[PDB]
Amino acid sequence: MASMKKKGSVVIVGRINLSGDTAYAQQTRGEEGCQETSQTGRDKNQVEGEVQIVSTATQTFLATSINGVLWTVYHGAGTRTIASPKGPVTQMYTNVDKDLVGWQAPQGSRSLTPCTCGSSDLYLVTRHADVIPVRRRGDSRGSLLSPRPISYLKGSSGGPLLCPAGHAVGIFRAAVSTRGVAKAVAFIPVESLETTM
Ligand SMILES: CC[C@H](C)[C@H](NC(C)=O)C(=O)N[C@H]1CCCCC/C=C\[C@@H]2C[C@@]2(C(=O)NS(=O)(=O)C2(C)CC2)NC(=O)[C@@H]2C[C@@H](Oc3nc4cc(OC)ccc4nc3C)CN2C1=O
Ligand SMILES: [Zn+2]
């Protein structure tokens with residue numbers, strides 16, 4: 001009982017910059033700072049952008065702000081708090097049935113707008129700042145126009161699927177793997193987010 005440890009907070013360690021004409025990943029915190037911040041839950045770094053790169057002590061993935069909520073996957077964050085300037089912040093959404101969690105969007109972040117376009121021509125943003133065209137195939141699935149090994153998608157859960165106009169259509173959740181090649185992806189649709197809200 002005196003032995004019991006507590007899990008650290010999720011920590012923002014970077015972002016995917018979609019500011020200009022060229023998407024690129026930026027790192028804002030190194031490994032050691034990440035571990036220190038995960039234990040204290042005190043993150044004093046300025047936050048910017050819509051797509052954050054986040055890490056725990058053992059995993060790294062993405063988190064996306066939509067409608068003032070920073071969304072990510074349960075299989076990445078579990079029930080963890082997220083580090084913030086005033087300490088660990090408790091999740092305001094947790095749905096294991098959707099593989100979905102969410103915190104209040106960090107101060108200084110920018111939120112994506114939920115898509116109302118009804119378009120099936122989507123774009124998946126990875127942690128390496130790749131913008132991958134994806135054709136919507138269902139309420140929660142889409143196919144990569146150019147399949148590639150799952151290695152290229154690993155670590156991008158929690159990243160956004162965007163419509164042509166830049167609206168949020170869903171949160172990247174899983175890849176459908178066929179002999180190691182990712183031909184389709186599964187995502188949490190924004191409407192499922194808007195419902196949980
Ligand atoms: C829908 C399932 C489908 C039928 C697939 N079948 C086949 C044959 O392909 C199929 O299983 N695919 C898998 C191939 C993996 C190989 C790598 C894939 C690469 C990128 C992928 C986007 C990524 C990702 O990047 N994670 S991550 O960021 O690296 C990480 C681990 C740090 C966080 N998601 C990803 O890895 C997921 C995680 C697992 O899925 C779920 N866990 C949970 C857990 C929960 O509580 C514990 C509650 C709900 C839940 N719901 C899921 C759907 C396995 N995942 C696959 O994608
Ligand atoms: Zn749209």
# chains A, B, ... in the order shown; residues from 1 in each chain; ligands from 1
>>> select_by_dssp(residues="range 1-86 of chain A", states="alpha helix (DSSP H)", output="ChimeraX atom specification")
/A:31-40,74-77
>>> closest_atom_pairs(of="chain A", to="ligand 1", cutoff="8 Å", atoms="only C-alpha atoms and all ligand atoms", output="tab-separated table")
residue	atom	partner	partner_atom_place_in_ligand_line	distance
A:59	CA	ligand 1	32 (C)	4.7
A:60	CA	ligand 1	32 (C)	5.1
A:61	CA	ligand 1	28 (O)	4.2
A:62	CA	ligand 1	28 (O)	6.9
A:73	CA	ligand 1	33 (C)	7.1
A:74	CA	ligand 1	45 (C)	5.7
A:75	CA	ligand 1	44 (C)	4.1
A:76	CA	ligand 1	33 (C)	3.6
A:77	CA	ligand 1	33 (C)	7.3
A:78	CA	ligand 1	46 (O)	6.9
A:96	CA	ligand 1	48 (C)	4.6
A:97	CA	ligand 1	49 (C)	5.8
A:98	CA	ligand 1	49 (C)	6.1
A:99	CA	ligand 1	49 (C)	4.0
A:100	CA	ligand 1	49 (C)	7.6
A:150	CA	ligand 1	19 (C)	4.8
A:151	CA	ligand 1	19 (C)	6.2
A:152	CA	ligand 1	19 (C)	7.3
A:153	CA	ligand 1	20 (C)	4.3
A:154	CA	ligand 1	20 (C)	3.5
A:155	CA	ligand 1	28 (O)	3.2
A:156	CA	ligand 1	25 (O)	4.5
A:157	CA	ligand 1	25 (O)	4.1
A:158	CA	ligand 1	28 (O)	7.2
A:172	CA	ligand 1	22 (C)	6.1
A:173	CA	ligand 1	34 (N)	5.0
A:174	CA	ligand 1	57 (O)	3.2
A:175	CA	ligand 1	57 (O)	4.0
A:176	CA	ligand 1	9 (O)	3.7
A:177	CA	ligand 1	9 (O)	3.7
A:178	CA	ligand 1	8 (C)	6.4
A:180	CA	ligand 1	16 (C)	8.0
A:182	CA	ligand 1	18 (C)	7.8
A:185	CA	ligand 1	22 (C)	7.6
A:186	CA	ligand 1	1 (C)	6.0
>>> write_last_selection(atoms="N, CA, C and O atoms", output="compact mmCIF listing (two decimals), in the first residue's frame")
# COMPACT_ATOMS: atom_id res chain seq x y z
N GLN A 59 4.65 5.17 -24.26
CA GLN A 59 4.04 5.27 -25.58
C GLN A 59 4.02 6.72 -26.05
O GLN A 59 4.06 7.66 -25.25
N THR A 60 3.97 6.89 -27.37
CA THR A 60 3.84 8.20 -27.98
C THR A 60 2.82 8.12 -29.10
O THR A 60 2.77 7.13 -29.84
N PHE A 61 1.98 9.15 -29.20
CA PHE A 61 0.89 9.17 -30.16
C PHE A 61 0.48 10.63 -30.36
O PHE A 61 1.24 11.54 -30.01
N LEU A 62 -0.70 10.86 -30.91
CA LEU A 62 -1.16 12.20 -31.22
C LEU A 62 -2.43 12.53 -30.44
O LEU A 62 -3.11 11.64 -29.91
N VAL A 73 -6.78 8.66 -28.16
CA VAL A 73 -7.26 7.29 -28.09
C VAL A 73 -7.08 6.75 -26.68
O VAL A 73 -6.09 7.06 -26.00
N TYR A 74 -8.04 5.94 -26.23
CA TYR A 74 -7.94 5.31 -24.92
C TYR A 74 -6.76 4.35 -24.85
O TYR A 74 -6.08 4.27 -23.82
N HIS A 75 -6.50 3.62 -25.93
CA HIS A 75 -5.41 2.66 -25.91
C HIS A 75 -4.04 3.33 -25.85
O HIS A 75 -3.04 2.63 -25.63
N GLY A 76 -3.98 4.64 -26.01
CA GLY A 76 -2.75 5.38 -25.79
C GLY A 76 -2.70 6.01 -24.42
O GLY A 76 -1.72 5.84 -23.68
N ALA A 77 -3.76 6.73 -24.05
CA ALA A 77 -3.76 7.53 -22.83
C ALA A 77 -4.34 6.79 -21.62
O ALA A 77 -4.08 7.20 -20.49
N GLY A 78 -5.10 5.72 -21.84
CA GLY A 78 -5.83 5.13 -20.73
C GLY A 78 -6.68 6.18 -20.04
O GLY A 78 -7.26 7.06 -20.68
N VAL A 96 -14.20 3.87 -23.47
CA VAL A 96 -13.40 2.73 -23.91
C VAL A 96 -14.07 2.00 -25.06
O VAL A 96 -13.40 1.39 -25.90
N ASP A 97 -15.41 2.05 -25.14
CA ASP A 97 -16.11 1.40 -26.23
C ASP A 97 -15.82 2.06 -27.57
O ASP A 97 -15.95 1.40 -28.61
N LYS A 98 -15.42 3.33 -27.57
CA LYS A 98 -15.03 4.04 -28.78
C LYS A 98 -13.52 4.20 -28.91
O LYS A 98 -13.06 4.77 -29.90
N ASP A 99 -12.75 3.71 -27.94
CA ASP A 99 -11.30 3.94 -27.90
C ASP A 99 -11.00 5.44 -27.89
O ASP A 99 -10.10 5.91 -28.58
N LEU A 100 -11.77 6.19 -27.09
CA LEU A 100 -11.75 7.64 -27.13
C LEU A 100 -11.59 8.21 -25.73
O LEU A 100 -12.22 7.73 -24.78
N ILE A 150 2.34 -0.63 -42.23
CA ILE A 150 1.77 -0.08 -41.01
C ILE A 150 2.80 0.71 -40.21
O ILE A 150 2.43 1.58 -39.42
N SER A 151 4.09 0.42 -40.40
CA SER A 151 5.13 1.15 -39.70
C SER A 151 4.98 2.66 -39.88
O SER A 151 5.31 3.42 -38.96
N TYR A 152 4.50 3.10 -41.04
CA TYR A 152 4.37 4.53 -41.30
C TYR A 152 3.21 5.15 -40.53
O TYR A 152 3.22 6.36 -40.30
N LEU A 153 2.23 4.35 -40.11
CA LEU A 153 1.10 4.87 -39.35
C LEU A 153 1.26 4.71 -37.84
O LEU A 153 0.59 5.42 -37.09
N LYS A 154 2.13 3.81 -37.39
CA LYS A 154 2.35 3.61 -35.96
C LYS A 154 2.71 4.92 -35.29
O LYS A 154 3.58 5.66 -35.77
N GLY A 155 2.04 5.21 -34.17
CA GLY A 155 2.26 6.43 -33.43
C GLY A 155 1.39 7.59 -33.85
O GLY A 155 1.56 8.70 -33.31
N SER A 156 0.47 7.39 -34.79
CA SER A 156 -0.38 8.47 -35.29
C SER A 156 -1.82 8.36 -34.82
O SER A 156 -2.64 9.21 -35.19
N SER A 157 -2.17 7.35 -34.02
CA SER A 157 -3.50 7.32 -33.42
C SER A 157 -3.73 8.60 -32.63
O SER A 157 -2.81 9.11 -31.97
N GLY A 158 -4.95 9.11 -32.68
CA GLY A 158 -5.27 10.40 -32.13
C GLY A 158 -5.12 11.55 -33.10
O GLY A 158 -5.56 12.66 -32.79
N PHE A 172 -8.05 9.32 -35.80
CA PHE A 172 -7.42 8.07 -36.20
C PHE A 172 -7.34 7.11 -35.02
O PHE A 172 -6.83 7.46 -33.95
N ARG A 173 -7.83 5.88 -35.23
CA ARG A 173 -7.97 4.90 -34.16
C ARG A 173 -7.18 3.63 -34.42
O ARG A 173 -6.46 3.16 -33.53
N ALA A 174 -7.29 3.05 -35.61
CA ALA A 174 -6.63 1.78 -35.90
C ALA A 174 -6.39 1.66 -37.39
O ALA A 174 -7.06 2.31 -38.21
N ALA A 175 -5.43 0.82 -37.75
CA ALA A 175 -5.13 0.50 -39.13
C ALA A 175 -5.53 -0.94 -39.43
O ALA A 175 -5.30 -1.84 -38.61
N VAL A 176 -6.15 -1.15 -40.58
CA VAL A 176 -6.46 -2.49 -41.06
C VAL A 176 -5.24 -2.99 -41.81
O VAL A 176 -4.85 -2.44 -42.84
N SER A 177 -4.61 -4.04 -41.28
CA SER A 177 -3.34 -4.54 -41.78
C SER A 177 -3.56 -5.83 -42.56
O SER A 177 -4.25 -6.73 -42.08
N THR A 178 -2.97 -5.90 -43.75
CA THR A 178 -3.01 -7.10 -44.59
C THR A 178 -1.57 -7.42 -44.98
O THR A 178 -1.01 -6.80 -45.89
N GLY A 180 1.04 -6.80 -43.23
CA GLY A 180 1.85 -5.66 -42.85
C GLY A 180 1.58 -4.38 -43.61
O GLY A 180 2.15 -3.34 -43.25
N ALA A 182 -0.89 -1.35 -44.75
CA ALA A 182 -2.10 -0.65 -44.33
C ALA A 182 -2.87 -0.21 -45.58
O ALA A 182 -2.48 0.74 -46.26
N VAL A 185 -8.06 2.26 -42.81
CA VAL A 185 -7.93 2.78 -41.45
C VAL A 185 -9.31 2.88 -40.83
O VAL A 185 -10.33 3.05 -41.52
N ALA A 186 -9.35 2.78 -39.50
CA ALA A 186 -10.55 3.02 -38.72
C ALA A 186 -10.35 4.28 -37.88
O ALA A 186 -9.24 4.57 -37.41
>>> residues_near_ligand(ligand="ligand 2", cutoff="7 Å", atoms="only C-alpha atoms and all ligand atoms", output="JSON, numbers by chain")
{"A": [115, 116, 117, 118, 119, 163, 164, 165, 166, 167, 168]}
>>> write_last_selection(atoms="C-alpha atoms", output="mmCIF file, in the first residue's frame")
data_model
loop_
_atom_site.group_PDB
_atom_site.id
_atom_site.type_symbol
_atom_site.label_atom_id
_atom_site.label_comp_id
_atom_site.auth_asym_id
_atom_site.auth_seq_id
_atom_site.Cartn_x
_atom_site.Cartn_y
_atom_site.Cartn_z
ATOM 1 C CA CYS A 115 -17.018 18.807 -40.591
ATOM 2 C CA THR A 116 -20.534 19.225 -41.980
ATOM 3 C CA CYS A 117 -19.510 18.787 -45.630
ATOM 4 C CA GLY A 118 -20.554 15.154 -46.038
ATOM 5 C CA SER A 119 -17.504 14.545 -48.234
ATOM 6 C CA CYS A 163 -12.075 17.025 -45.184
ATOM 7 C CA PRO A 164 -10.904 19.038 -48.211
ATOM 8 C CA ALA A 165 -11.837 22.270 -46.409
ATOM 9 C CA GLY A 166 -9.772 21.397 -43.324
ATOM 10 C CA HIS A 167 -12.658 20.407 -41.048
ATOM 11 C CA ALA A 168 -12.259 17.540 -38.595
#
>>> residues_around(residues="range 190-194 of chain A", least_positions_apart="4", cutoff="10 Å", atoms="only C-alpha atoms", output="ChimeraX atom specification")
/A:66-67,69,71,93,98,100-102,113-116,139-140,160-161,167-171
>>> atom_distance(atom1="CA of residue 53 in chain A", atom2="CA of residue 80 in chain A")
15.6 Å
>>> residues_around(residues="residue 56 in chain A", least_positions_apart="5", cutoff="7 Å", atoms="only C-alpha atoms", output="number ranges by chain")
A: 9-11, 38
>>> select_by_dssp(residues="chain A", states="strand (DSSP E)", output="PyMOL selection string")
chain A and resi 11-17+24-27+51-55+60-66+69-72+93-95+100-104+121-125+131-136+141-149+160-162+168-178+181-189
>>> closest_residue(among="A:87, A:127, A:104, A:68", to="residue 14 in chain A", atoms="only C-alpha atoms")
A:127
>>> atom_distance(atom1="CA of residue 45 in chain A", atom2="CA of residue 27 in chain A")
11.5 Å
>>> closest_residue(among="A:25, A:83, A:134, A:70", to="residue 39 in chain A", atoms="only C-alpha atoms")
A:83
>>> closest_residue(among="A:112, A:107, A:129, A:3", to="residue 26 in chain A", atoms="only C-alpha atoms")
A:129
>>> atom_distance(atom1="CA of residue 189 in chain A", atom2="CA of residue 103 in chain A")
17.4 Å
>>> decode(residues="range 36-109 of chain A", atoms="C-alpha atoms", output="CSV table (one decimal), in the first residue's frame")
chain,number,residue,atom,x,y,z
A,36,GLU,CA,10.0,14.9,-15.4
A,37,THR,CA,6.8,16.5,-16.6
A,38,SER,CA,4.9,13.2,-16.6
A,39,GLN,CA,5.7,12.7,-12.9
A,40,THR,CA,4.8,16.2,-11.7
A,41,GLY,CA,2.0,16.9,-14.2
A,42,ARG,CA,3.3,20.5,-14.4
A,43,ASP,CA,3.8,21.6,-18.0
A,44,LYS,CA,4.8,25.3,-18.4
A,45,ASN,CA,5.5,25.1,-22.2
A,46,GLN,CA,3.4,27.3,-24.4
A,47,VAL,CA,0.9,25.2,-26.6
A,48,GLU,CA,0.1,26.0,-30.2
A,49,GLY,CA,-1.8,24.4,-33.1
A,50,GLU,CA,-4.4,21.8,-33.6
A,51,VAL,CA,-2.5,18.5,-33.6
A,52,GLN,CA,-0.3,17.8,-30.6
A,53,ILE,CA,2.3,15.0,-30.3
A,54,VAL,CA,1.9,13.4,-26.8
A,55,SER,CA,3.8,10.8,-24.9
A,56,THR,CA,3.6,8.8,-21.7
A,57,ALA,CA,6.6,7.0,-20.1
A,58,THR,CA,6.1,4.1,-22.5
A,59,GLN,CA,4.0,5.3,-25.6
A,60,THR,CA,3.8,8.2,-28.0
A,61,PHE,CA,0.9,9.2,-30.2
A,62,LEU,CA,-1.2,12.2,-31.2
A,63,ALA,CA,-4.0,14.3,-29.8
A,64,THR,CA,-6.3,16.6,-31.7
A,65,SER,CA,-8.3,19.6,-30.6
A,66,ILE,CA,-11.9,19.8,-31.9
A,67,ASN,CA,-14.6,22.0,-30.4
A,68,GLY,CA,-12.3,23.0,-27.5
A,69,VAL,CA,-11.6,19.4,-26.5
A,70,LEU,CA,-8.2,17.7,-26.9
A,71,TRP,CA,-9.1,14.2,-28.2
A,72,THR,CA,-7.0,11.1,-28.3
A,73,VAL,CA,-7.3,7.3,-28.1
A,74,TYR,CA,-7.9,5.3,-24.9
A,75,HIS,CA,-5.4,2.7,-25.9
A,76,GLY,CA,-2.8,5.4,-25.8
A,77,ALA,CA,-3.8,7.5,-22.8
A,78,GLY,CA,-5.8,5.1,-20.7
A,79,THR,CA,-7.5,7.1,-17.9
A,80,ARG,CA,-4.4,9.3,-17.4
A,81,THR,CA,-4.4,13.0,-16.6
A,82,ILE,CA,-2.6,15.4,-18.9
A,83,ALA,CA,0.1,17.8,-17.8
A,84,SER,CA,-0.8,21.5,-17.7
A,85,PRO,CA,0.7,24.7,-16.3
A,86,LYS,CA,-1.2,24.3,-12.9
A,87,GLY,CA,-0.9,20.5,-12.6
A,88,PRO,CA,-2.5,17.3,-13.8
A,89,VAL,CA,-5.8,17.8,-15.6
A,90,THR,CA,-8.5,15.1,-15.3
A,91,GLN,CA,-10.1,13.7,-18.4
A,92,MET,CA,-13.6,15.2,-19.2
A,93,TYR,CA,-14.4,12.4,-21.6
A,94,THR,CA,-13.6,8.7,-21.4
A,95,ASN,CA,-15.2,6.1,-23.6
A,96,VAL,CA,-13.4,2.7,-23.9
A,97,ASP,CA,-16.1,1.4,-26.2
A,98,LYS,CA,-15.0,4.0,-28.8
A,99,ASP,CA,-11.3,3.9,-27.9
A,100,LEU,CA,-11.7,7.6,-27.1
A,101,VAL,CA,-10.7,10.0,-24.4
A,102,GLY,CA,-10.6,13.8,-24.1
A,103,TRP,CA,-9.4,16.7,-22.0
A,104,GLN,CA,-10.2,20.4,-22.1
A,105,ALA,CA,-8.2,21.9,-24.9
A,106,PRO,CA,-5.0,23.5,-23.6
A,107,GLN,CA,-4.8,27.2,-23.3
A,108,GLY,CA,-3.2,28.6,-26.5
A,109,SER,CA,-4.3,25.7,-28.7
